[PDB]
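One letter stands for each residue in the lines below.
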Amino acid sequence: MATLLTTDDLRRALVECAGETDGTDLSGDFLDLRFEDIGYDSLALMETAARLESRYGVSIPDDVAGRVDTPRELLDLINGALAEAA
């Protein structure tokens, strides 16, 4: 359905917040427990994503993205937003 952004892309966007970290299982997956693992409630990461998209150029989906509980959701969010943007 979409193939604009990539999983590795969301990774970098999330590293900007925490570059250094000796606690991450990046040898199999990082979505099964990314938002739940760290303390990133939908109320904290909300504004964080609001600015993260300011550079993307795509629309401003703060509602659906604001209530993002899982990490993989954020990726599929900006992705579909870019496809429709064009």
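S.K.: Sorry if this is basic, but what is going on with helix α4 (residues 71-85) here?
M.R.: What sets the pattern is the α-helix's 3.6 residues per turn: residues three or four places apart point alike. An ideal rise of 1.5 Å per residue puts 21 Å on 15 residues; α4 measures up with 22 Å between its terminal C-alpha atoms. Regarding α4, the residues found buried are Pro71, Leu74, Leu75, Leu77, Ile78, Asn79 and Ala81. For α4, the secondary structure elements touched by its buried residues are α1 (7-15) and α3 (62-66).

S.K.: Looking at this structure, I do not really get the layout of surface pockets. What am I missing?
M.R.: Over the atoms, a rolling probe the size of a water molecule traces out where space has been left empty. The space that makes up the largest pocket amounts to roughly 460 Å³. Around the largest pocket, the lining is made up of 18 residues, and of these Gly23, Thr24, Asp25, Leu26 and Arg34 lie nearest the centre. Taken together, the residues of the lining of the largest pocket sort by class into eight nonpolar, four polar and six charged.

S.K.: Would you mind going over the UniProt feature "domain: Carrier" in the protein chain with me for this structure?
M.R.: Under the UniProt annotation, "domain: Carrier" lies at residues 4-82. Split by type, residues 4-82 is 43% helix and 0% strand. Its first and last C-alpha atoms lie 7 Å apart.

S.K.: Sorry if this is basic, but what is going on with the pattern of salt bridges here?
M.R.: Side-chain pairs of opposite charge can arise where the charged atoms are in close proximity. Applying the stated criterion across every chain, the model contains two salt bridges. Note that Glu16 is salt-bridged to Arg55, the shortest N-O span being 2.8 Å. Of this pair, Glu16 sits in the loop between α1 and α2 (45-52) while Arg55 sits in the loop between α2 and α3, placing them 39 residues apart in sequence. Using a relative accessible area of 59% as the deciding quantity, one classes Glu16 as exposed. One salt bridge in this structure joins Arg51 and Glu47, with 4.0 Å as the shortest N-O distance. Placement of both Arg51 and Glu47 in helix α2 is noted, with a separation of four residues, approximately one turn of the helix. No difference in accessibility class separates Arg51 from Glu47, as the two residues are exposed.

S.K.: Please explain α2 as it appears in this structure.
M.R.: Here α2 has its buried residues at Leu45, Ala49, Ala50 and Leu52. Summarising the axial view, the buried residues of α2 lie within an arc of 165 degrees, below the 170-degree limit, and thus occupy one face. Across α2 from its buried face, at more than 90 degrees, point the exposed residues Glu47 and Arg51.

The rules behind each value
- In this view, residue numbering begins from 1 on each chain in the order the sequence is written and may differ from the entry, while residues that lack coordinates are not shown.
- Hydrogens and water are ignored here; the side-chain numbers use all heavy atoms of the structure.
- By definition, any uninterrupted DSSP run of H or I lasting at least four residues is a helix, any uninterrupted run of E lasting at least two residues is a strand, and each is numbered from the N terminus.
- Here, expected helix span is obtained from the residue count minus one, scaled by 1.5 Å.
- Three labels apply to residues, based on accessible area from a 1.4 Å probe with only protein chains included: buried if under 20% of the type maximum, exposed if over 50%, partly exposed otherwise in between.
- By definition in these notes, contact holds between two residues if any of their heavy atoms fall within 4.5 Å.
- We place a 1 Å grid over just the protein atoms. Points where a 1.4 Å probe fits but has no way out form a cavity, open points with protein on both sides within 12 Å along at least 5 of 7 lines form a pocket, and any residue with an atom within 4 Å of a point lines it.
- Grid points are joined across faces, edges and corners, and a volume is the space filled by probe spheres set on the points.
- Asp, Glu, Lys and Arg are counted as charged, while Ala, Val, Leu, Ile, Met, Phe, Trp, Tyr, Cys and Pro are counted as nonpolar; the rest, among them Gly, fall into the polar class.
- UniProt positions are given in the numbering used here, feature names are shortened, and annotations may be inferred rather than shown by experiment.
- Within this document, salt bridges are pairs made up of a side-chain nitrogen of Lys or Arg and a carboxyl oxygen of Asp or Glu, the two lying within 4 Å of each other.
- Arc definition: it is the arc formed by the directions from the helix axis to the C-beta atoms.

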